Number of protein chains: 4
Amino acid sequence: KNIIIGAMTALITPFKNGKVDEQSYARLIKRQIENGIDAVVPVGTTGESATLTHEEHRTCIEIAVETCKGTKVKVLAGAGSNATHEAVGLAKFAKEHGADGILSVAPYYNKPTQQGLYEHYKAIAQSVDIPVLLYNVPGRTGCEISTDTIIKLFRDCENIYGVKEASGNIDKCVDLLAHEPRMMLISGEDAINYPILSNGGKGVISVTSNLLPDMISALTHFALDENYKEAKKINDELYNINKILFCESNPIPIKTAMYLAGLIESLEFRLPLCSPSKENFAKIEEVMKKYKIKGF
Amino acid sequence: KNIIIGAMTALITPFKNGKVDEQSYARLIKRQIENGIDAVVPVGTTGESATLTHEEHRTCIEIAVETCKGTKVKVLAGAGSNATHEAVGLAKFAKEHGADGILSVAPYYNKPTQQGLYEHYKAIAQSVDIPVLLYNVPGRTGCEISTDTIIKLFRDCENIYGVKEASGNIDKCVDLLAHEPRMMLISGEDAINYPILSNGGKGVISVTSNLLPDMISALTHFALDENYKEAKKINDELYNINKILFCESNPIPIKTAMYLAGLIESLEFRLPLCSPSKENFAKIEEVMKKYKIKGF
Amino acid sequence: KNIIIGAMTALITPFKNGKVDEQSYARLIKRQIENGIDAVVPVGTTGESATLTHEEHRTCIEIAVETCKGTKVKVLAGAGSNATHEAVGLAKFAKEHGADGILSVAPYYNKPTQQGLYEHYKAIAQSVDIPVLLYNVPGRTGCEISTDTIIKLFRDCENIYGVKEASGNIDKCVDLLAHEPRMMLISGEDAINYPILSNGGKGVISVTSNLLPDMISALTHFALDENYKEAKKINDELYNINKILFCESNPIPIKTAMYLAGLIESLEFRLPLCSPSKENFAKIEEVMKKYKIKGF
Amino acid sequence: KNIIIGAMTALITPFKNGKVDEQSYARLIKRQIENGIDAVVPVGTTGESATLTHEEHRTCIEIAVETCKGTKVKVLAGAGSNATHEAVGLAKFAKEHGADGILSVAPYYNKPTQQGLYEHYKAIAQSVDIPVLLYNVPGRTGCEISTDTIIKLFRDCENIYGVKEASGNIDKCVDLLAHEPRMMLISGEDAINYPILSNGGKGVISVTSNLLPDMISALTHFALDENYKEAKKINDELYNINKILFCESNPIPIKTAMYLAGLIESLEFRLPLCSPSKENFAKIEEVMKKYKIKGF
Ligand SMILES: NCCCC[C@@](N)(CC[C@](N)(CCCCN)C(=O)O)C(=O)O
Ligand SMILES: NCCCC[C@@](N)(CC[C@](N)(CCCCN)C(=O)O)C(=O)O
Ligand SMILES: [Mg+2]
Ligand SMILES: [Mg+2]
Ligand SMILES: [Mg+2]
Ligand SMILES: [Mg+2]
Ligand SMILES: [Mg+2]
Ligand SMILES: [Mg+2]
Ligand SMILES: [Mg+2]
Ligand SMILES: [Mg+2]
């Protein structure tokens with residue numbers, strides 16, 4: 001299978017006067033490229049996919065594709081939806097506009113059965129010829145892609161090559177790779193990046209890397225080179241920021257941190273997201289003081 | 001406050017050849033009207049809101065409004081979204097096209113904070129002048145509207161008049177009505193309709209009533225009249241069907257039951273929803289046997 | 001079946017200088033009798049059954065039996081254990097020493113299967129000829145007595161007559177009484193006393209009644225007479241204290257309130273239970289001012 | 001600090017005609033010694049601590065001590081209780097009778113606060129001068145020893161040297177060793193032995209090692225020697241058996257396997273534990289056949 005692995009960033013989507021700040025977006029992506037990242041994920045959960053229109057979503061995929069040209073950095077385009085016809089449309093767009101693969105979140109809110117998830121992802125995978133990474137985040141979607149369903153999809157569809165796990169369930173990560181060791185398990189939970197990598201995970205799709213791209217890429221690359229001692233070191237050092245970036249619902253803290261670091265111009269969300277409490281603002285600012293944040 | 005209460009049905013959306021079966025939809029609504037239902041909810045969770053387009057969602061709201069004209073039956077239009085700008089667009093549409101009020105589910109997938117939920121619903125309520133019923137279903141959305149948040153919205157926004165609770169949490173139902181007894185608490189969970197009504201709930205938004213409208217309406221009207229012995233007897237009789245209708249994710253069982261009863265022509269969903277297992281199909285058919293199903 | 005129902009109190013066990021304060025225990029029981037309580041439960045969870053020796057447990061049952069003689073008040077003796085041979089010993093002691101029935105908590109820590117729970121309670125029920133009330137509290141025991149197992153035990157063992165439920169699950173309470181309406185469902189969760197009683201539950205085993213026995217007794221008897229307006233009003237009034245009495249693990253808050261009320265001499269627990277935090281101490285003190293607390 | 005780490009076994013307790021089969025108990029330990037195990041845990045959860053009397057509990061500690069005498073293998077005696085005065089008595093007994101250290105499970109059923117857990121373990125640690133390993137298993141006890149509480153106890157009581165974690169929470173394992181890398185984190189959950197060890201955990205207290213001591217000891221020793229490749233390979237091979245040994249509550253499956261393998265003479269439990277279902281019996285037998293089970 002064609003794969004997209006290594007250190008990856010779930011890019012925040014900056015807003016200015018309620019519109020996507022397209023120049024800021026390209027600048028943030030170039031900062032990722034210059035700090036050792038292997039791929040970027042436009043419009044994942046961290047990019048506020050829910051509140052972008054289908055047009056803004058497509059614009060952000062294009063900006064990512066254009067910005068990574070002339071580099072090794074791949075674009076793993078966010079293309080999931082809880083409606084299969086929407087997810088297929090996003091997948092075809094990503095392929096036709098030069099994305100290297102797609103991320104595809106489990107349908108949220110309508111809770112498909114395992115049979116429905118299989119049919120959902122088969123339809124998506126049959127619509128394009130580029131790699132497809134599943135994405136399990138049950139605390140947000142209300143559903144779980146079972147290990148058996150992930151393995152069946154991996155074996156039955158040529159371009160489905162792995163899963164981003166954001167489930168806080170290392171037992172499930174053992175289950176996945178013990179029964180199907182050819183799949184690419186990708187960490188979607190920064191605090192446990194190293195444990196997932198040490199069990200044979202092959203990359204991360206990170207929130208923290210928005211702020212600290214050099215640290216996440218170093219951790220991932222150490223782990224892939226089997227220097228687990230140094231990968232663990234960075235994972236342990238990052239624990240405090242990894243946790244504080246979820247003191248409120250992601251991406252509220254990471255955008256707060258990017259704004260405090262001077263990396264975006266305004267602390268702007270689209271409703272229903274909004275600024276953190278005054279207390280959590282101060283907590284984020286305090287934890288940032290322990291880390292060295294790269295500029296542009 | 002202006003209110004919409006009593007026995008209400010979360011309408012299924014019949015599909016045929018992949019499109020909304022508009023005639024069948026109108027006929028199903030007339031069957032509800034003729035069996036004592038007080039309001040209908042087009043395009044809630046049970047109506048597959050996630051997989052309809054915005055144009056089909058609007059078409060179904062229009063069909064409900066047109067079908068209920070000249071009757072006592074109200075239209076409480078499904079209008080929620082996880083993007084506040086989409087939820088405002090749906091609310092304004094419902095108002096402008098003659099809905100009696102709106103239902104508005106808590107944002108799914110993006111997990112807003114309590115402050116964000118407040119701003120989300122404040123924006124929706126300020127955009128129209130018709131009643132707004134909040135809708136809490138944390139197992140599907142990944143977030144919970146707290147009792148404090150519900151009460152503040154009820155007190156701060158003129159048109160927000162209560163909440164549909166689908167959280168299996170009778171403690172919260174006590175919390176709500178003990179601290180704010182003027183709100184309209186509505187059961188969103190058929191198996192516990194009677195406990196919610198007996199604590200001062202004023203209506204239900206039912207899945208089971210799709211199949212058994214006369215029984216749910218009777219349960220509710222007995223309960224509102226304080227004939228608790230008779231309301232409890234029906235709630236107890238309905239327990240088996242109320243639960244089997246969730247053997248797989250709603251609306252897969254209720255549509256399966258409607259098809260088995262001959263009330264819709266095709267057992268069609270939109271992916272990622274799909275037919276139940278062969279085992280659950282048989283369980284649904286077996287439980288239906290002990291209930292008397294009204295035809296057209 | 002012989003039954004023990006109505007308003008019942010899970011008695012605290014007062015300590016002084018590390019020993020059971022026997023005189024105080026009898027005094028507290030007399031106060032319960034004089035305030036309309038129908039039964040007292042010595043050495044349940046609220047009575048710190050875990051940290052009493054087998055001898056003290058037996059002393060406390062004996063004091064309760066002595067104190068209720070010549071009154072209408074029954075003794076439903078705490079007799080549970082996670083070891084069946086221990087639970088049978090307590091059951092036989094309770095019978096031989098004149099208890100009217102026994103409460104028997106689901107085995108904690110060792111998590112028996114449903115078959116194991118069935119055989120456990122069958123062994124207990126076969127060992128005595130007095131009423132046995134099962135007791136389900138999964139948040140504390142780590143196991144659940146399923147509705148099917150409760151009903152099988154009720155139907156198969158002639159002295160098992162119902163269940164004390166402390167599970168926050170009104171759906172299960174409907175399930176229980178819809179399939180086996182002859183059993184006595186007893187509320188083990190003060191905040192939802194009224195919803196359980198209004199669904200056909202027949203009593204409460206209360207924590208709050210230690211402090212406010214007259215109010216819990218009135219609620220229960222109103223509800224048993226289907227005077228639901230008055231029963232719900234008291235349940236609503238009691239909600240704030242019912243919840244604050246679990247700001248820390250029961251019985252830490254209720255013992256704190258009894259001490260603040262001047263009903264016991266010293267705020268004494270047996271480790272690992274201990275005095276509450278300073279804030280929760282003040283929180284308990286503040287909610288108490290809203291209620292009228294009977295003296296001796 | 002003095003420590004007890006490496007590959008350890010939570011010994012089953014065989015029964016014969018309802019009594020501890022002491023001669024089989026010693027033989028099982030000797031088989032563990034012969035297969036590379038570093039320490040044995042008499043009368044933990046897997047040893048049915050709940051249903052042994054205090055005297056049987058003590059007898060099993062004595063057998064372990066005597067059996068391991070003159071060998072390199074240590075005895076980490078189960079000494080926990082939900083009553084602090086009982087846990088202190090067991091701790092002192094183990095010290096006085098030659099145990100190398102004690103395991104002490106968090107109090108079950110009575111749900112102490114974090115302050116209570118601290119005082120509980122401080123009382124135990126101060127009663128002896130041998131190493132004390134905390135033991136967190138919230139699914140069984142109903143309480144959690146927080147990371148902050150574990151770390152304070154480790155830093156404040158010289159003999160407290162680590163924690164056996166059975167919580168399915170690799171994030172917490174990162175939290176623990178990132179903030180206190182000096183403690184000995186011990187896996188109490190066989191399926192995730194390797195991820196816990198790969199993050200710096202220093203041993204396992206295993207259920208599976210009862211049946212396959214050579215495989216669990218090898219897994220642990222590869223990981224301690226930083227051969228993560230081979231430690232993960234064994235962890236992956238063992239996943240199927242590691243999970244099936246919990247198809248019913250531990251130790252119901254492990255005793256069933258020990259009996260099927262001819263290693264214990266009778267499949268006897270003490271109520272409320274009992275034989276597994278016929279189906280689960282069959283599943284266990286089927287999974288065991290894929291592994292090489294050492295004899296005596
Ligand atoms: N990524 C850009 C599109 C975002 C659209 C949407 N807000 C809503 C998606 C939808 N399937 C739309 C249904 C509209 C008719 N009710 C949903 O809300 O479920 C989401 O997926 O979160
Ligand atoms: N109610 C008075 C007796 C209380 C005894 C005990 N503390 C411990 C019960 C026990 N079965 C004792 C096991 C002793 C041998 N390890 C347990 O701890 O599980 C409890 O049940 O909570
Ligand atoms: Mg640009
Ligand atoms: Mg996606
Ligand atoms: Mg009437
Ligand atoms: Mg004791
Ligand atoms: Mg009367
Ligand atoms: Mg030997
Ligand atoms: Mg122990
Ligand atoms: Mg265990």
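So that the names make sense, note that chain A is the first sequence line, chain B the second, and so on, each numbered from 1. As the structure lists them, so they are numbered: ligands from 1, and atoms in each ligand from 1.
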Requested in this report: Would you mind listing which atoms of ligand 1 come within a distance below 4.0 Å of any non-hydrogen atom of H54(A)?
Outcome: 3 (C)
Query - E34(A) bridged to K30(A) by N-O distance under 4.0 Å - result: yes
Requested in this report: Taking the six-membered ring of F296(A) (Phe, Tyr or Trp), confirm whether the NZ or CZ of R27(A) is under 6.0 Å from its centre and within 45° of its axis.
Outcome: yes
Query raised in the report: What is the nearest protein non-hydrogen atom to atom 5 (C) of ligand 1, stated with its residue, atom name and distance?
Result: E86(B) OE2, 3.8 Å
Query raised in the report: When you measure from atom 1 (N) of ligand 1 to every protein heavy atom, which one gives the shortest distance, and what is it?
Result: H57(A) ND1, 2.8 Å
Query raised in the report: Hey, are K74(B) and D100(B) close enough for a salt bridge, meaning a charged N less than 4.0 Å from a carboxylate O?
Result: no
Report task. I would like to know whether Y228(C) and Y228(B) meet ring-ring contact (aromatic ring centres under 6.0 Å, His included); could you show each step before the answer? Result -> CA-CA 9 Å; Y228(C) 290 152; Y228(B) 287 130; 5.6 Å; yes
**Report entry** Stepwise side chain to side chain contact (heavy atoms under 4.5 Å, CB included) test for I37(B) and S209(B)
**Finding:** CA-CA 8 Å; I37(B) 289 287; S209(B) 63; 4.1 Å; yes
Query - Protein N/O/S neighbour count - the Mg ion (ligand 5), strictly under 2.8 Å - result: 1
**Report entry** Best match, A83(B), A50(A), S49(A): closest heavy atom to atom 7 (N) of ligand 1
**Finding:** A50(A)
Requested in this report: Inspect the contact between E48(B) and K255(B) and indicate whether a charged nitrogen and a carboxylate oxygen are less than 4.0 angstrom apart.
Outcome: yes
Requested in this report: From the options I186(A), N136(A), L153(A), select the one residue that forms a side chain to side chain contact (heavy atoms under 4.5 Å, CB included) with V163(A).
Outcome: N136(A)
Query raised in the report: What's the shortest distance from atom 21 (O) of ligand 1 to any protein heavy atom, and which residue and atom give it?
Result: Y108(A) OH, 2.3 Å
Report task. Identify the protein heavy atom lying closest to atom 22 (O) of ligand 1, giving its residue, its atom name and the separation to 0.1 Å. Result -> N82(B) ND2, 2.8 Å
Query - Chi angles and distances behind the salt bridge (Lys or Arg N to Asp or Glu O under 4.0 Å) call for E56(A), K19(A) - result: CA-CA 9 Å; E56(A) 291 164 323; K19(A) 319 182 134 165; over 6 Å; no
Report summary line: If you scan protein heavy atoms around atom 2 (C) of ligand 1, the nearest is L52(A) O, 3.1 Å
Query raised in the report: What's the verdict on side chain to side chain contact (heavy atoms under 4.5 Å, CB included) for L28(B) and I264(B), showing C-alpha distance, side-chain angles and the deciding distance?
Result: CA-CA 8 Å; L28(B) 294 167; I264(B) 57 176; 3.8 Å; yes
